[PDB]
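Peer 1: Attaching a single structure in structure tokens format; questions to follow.
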Amino acid sequence: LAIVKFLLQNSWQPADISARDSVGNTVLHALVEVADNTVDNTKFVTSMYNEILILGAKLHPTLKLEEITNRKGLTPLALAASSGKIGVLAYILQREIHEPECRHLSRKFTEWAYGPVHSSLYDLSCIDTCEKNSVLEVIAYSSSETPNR
Amino acid sequence: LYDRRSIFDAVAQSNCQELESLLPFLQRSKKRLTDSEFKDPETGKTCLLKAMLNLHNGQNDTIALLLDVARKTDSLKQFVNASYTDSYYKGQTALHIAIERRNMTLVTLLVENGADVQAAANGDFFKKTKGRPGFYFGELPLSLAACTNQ
């Protein structure tokens, strides 16, 4: 993390947080690629992901990071789902953030809570993402190669 | 002068100053804090109730001032006991809310300025989910206070 921060925050050359590697992958794509569905793996990827977004929104608020497609046309989410990286896809689905600039980042917002009771709200990109891909569509007709479909 | 909107905004931000000139206004016009015009025409919400929703740190002294004003005109009892009338929150009083919020201090205060302890909150918000929902304890402050383990 500290070096992620120093890369993006330093005086000498701040990292371009949205750059794409040879395959079209950004840091969010690479993180999805580096997941291996073990509990401690999810945990670290999940919050480093979180961290990147918090830094995106702090430093460069205009940038819609999630939406950036790798060579194959995949958002980070859609990659996650194409490669059976379930813990992480689930985390993205369940994302909720509350701080200044929080709303743009968050996946889930909760609105009605009664002394008992709770309500959860979901965005939701996967269901309605006709233009490129749907989370359901990627999951619904998976390769069957993938370790976790 | 004061319209419904003026006070409701004051309450929203816990402003006890914009309500300095309050008491003397409905002394001249002899208007009551409880008049038809000082409630939302479809829910029956009053400023005290707006105050009950607009809590910051379980606190609002617009309440203390609002009550104080109601006794000086002795709107006092029917003011502290006004209920919602929309199908959703029907029959909900300020005391219901204080409990819903687990706020001894405000329960205490409302009971002392004469909140009706037997008032039944019976709207769809206080019965089993449509799902609406939700949620039933039924109705009466005691019942609430128990069902929420308080």
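Here chain B follows Swiss-Prot, giving residues 111-260 in order.
For all residues, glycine too, the Cβ spot is worked out from N, Cα and C.
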Peer 1: Write down the residue from B:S116, B:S131, B:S253 that Swiss-Prot flags as phosphoserine.
Peer 2: B:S116
Peer 1: Tell me which residue from B:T144, B:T239 Swiss-Prot records as phosphothreonine.
Peer 2: B:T144
Peer 1: Using a Cβ cut-off of under 8 Å to chain A, which of the recorded positions B:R115, B:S116, B:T144, B:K160, B:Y199, B:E210 qualify?
Peer 2: B:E210
Peer 1: Max Cα-Cα distance in Å among B:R115, B:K155, B:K160, B:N164, B:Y199, B:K200, B:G201, B:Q202, B:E210, B:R211, the residues listed as binding ATP?
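Peer 2: Site span for ATP, by Cα atoms: 26 Å.
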Peer 1: Within 10 angstroms of the C-beta of B:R115 (ATP binding site), what count of other C-beta atoms is obtained when all protein chains are considered?
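Peer 2: By my count, 8.
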Peer 1: Using all protein chains in view, find how many other C-beta atoms are within 10 Å of the C-beta of B:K160 (ATP binding site).
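Peer 2: The answer is 20.
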Peer 1: Using C-alpha atoms only, work out the spacing between B:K160 (ATP binding site) and B:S116 (phosphoserine) and round it to an integer in Å.
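Peer 2: Distance (Cα to Cα, whole Å): 12 Å.
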Peer 1: Given a separation of at least six residues and a C-beta threshold under 8 Å, show me what packs close to B:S116 (phosphoserine) in the same chain.
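Peer 2: Once residues fewer than 6 apart are set aside, B:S116 (phosphoserine) is near B:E128.
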